[PDB]
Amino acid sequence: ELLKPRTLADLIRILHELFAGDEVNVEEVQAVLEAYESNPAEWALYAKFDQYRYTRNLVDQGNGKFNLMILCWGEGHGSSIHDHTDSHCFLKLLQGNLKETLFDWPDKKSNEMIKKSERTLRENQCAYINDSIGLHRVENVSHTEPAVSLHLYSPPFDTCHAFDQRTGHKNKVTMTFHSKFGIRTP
């Protein structure tokens, strides 16, 4: 029985129930994430920016079956084109806007990866990606406004691949947490 999360803490409680089982109802999880109304005071602890690139800040370790984290994107900060390592990946905007560009999995032949589409994710919207949908790049194209997003992955993963837009060639990247539970982890 999906109810509106009153706060980030409440959202976290609800996610624990939604992942209590072995499977994931994606539309339910997306609906719940979207229904949470971003309250900057509730997530200020996790919103740790870096001047040069976006940061990943662990919020909740889940129950074995998922991770929840907050990503902070300075003006002009973006990601590589990348996958999500056979996991569900939900992205909800907490502040500002991000541009998401979608790409197809490349062919083994070296070739330019051409975008299949792009959209602007706006405050409070929750997007979903998984490998069956494709690859994406996410960027804060704003010149004046930082962005903050809330990400949920299941199962958790700490490696992914970055793709070279010119060739489609991939390289494994190990993902790191800038902070965990509000504590900077260098």
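In this text, residue numbers run from 1 along the sequence as written.
The mean C-alpha temperature factor is higher for 62 to 70 when 62 to 70 and 146 to 154 are set side by side. Look at the mean CA B-factor for 88 to 96 and for 105 to 113 in the entry; the higher one is 105 to 113. The entry lists a Cα temperature factor for residue 136 that places it in the lowest third of the chain's modelled residues. In the deposited entry, the Cα temperature factor of residue 124 places it in the highest third of its chain's modelled residues. Ranked within its chain, residue 179 lands in the lowest third, by CA B factor from the PDB record.
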